[PDB]
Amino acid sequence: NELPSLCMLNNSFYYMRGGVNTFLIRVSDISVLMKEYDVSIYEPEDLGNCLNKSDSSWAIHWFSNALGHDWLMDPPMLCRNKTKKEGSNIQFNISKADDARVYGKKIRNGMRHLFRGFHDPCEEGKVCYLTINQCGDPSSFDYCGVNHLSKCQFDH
């Protein structure tokens, strides 16, 4: 097995494949997690409690770093407690807004390196997020079925 491989379908769907697992990656102005109620990830080990299998946290670990995320320095990403029935959802706050402006610049830079042709939907002064759902979880809906995922020709 190599490292995780990536694919971009259109501007609304990016996907990472890590071993036998696939993840839906989206960027939009919609958030469903909050510091107050969900899990704050301060270190990579914390990712274990965001996914059905603590050991596929690896692909998200690799991806966060590939993206430019600095564990010690940057705002912790949030994630839905593995136990909830929703379930998986890792959320990066990349808003072009004051508190997260420079960090967002960076992550989007990462996205440009990872997905050639990445389209930046984030608007000045507005809120914006990067969201990852593991394919198969309810939170991935049908976004990883044949008419989407199988249409994406993977590389990397």
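All residue numbers are counted from 1 along the displayed sequence.
Undergrad: Which has the higher mean CA temperature factor in the PDB entry, 96-104 or 34-42?
TA: Per the deposited B-factors, the answer is 96-104.
Undergrad: If you average the Cα B factors in the entry, which is higher, 115-123 or 61-69?
TA: Taking the mean C-alpha B-factor of 61-69 and of 115-123, the larger value falls to 115-123.
Undergrad: By the CA temperature factor listed in this entry, which of these ranks top: 56, 91, 28, 88?
TA: If I rank 56, 91, 28, 88 by C-alpha B-factor, first place goes to 56.
Undergrad: Could you say whether, by C-alpha temperature factor, residue 21 belongs to the lowest, middle or highest third of its chain?
TA: Its C-alpha B-factor, which the entry lists for residue 21, ranks in the middle third among residues of this chain.
Undergrad: Using the B-factors in the PDB entry, rank residue 152's C-alpha atom against the chain and give the third, lowest, middle or highest.
TA: Middle third by C-alpha B-factor.
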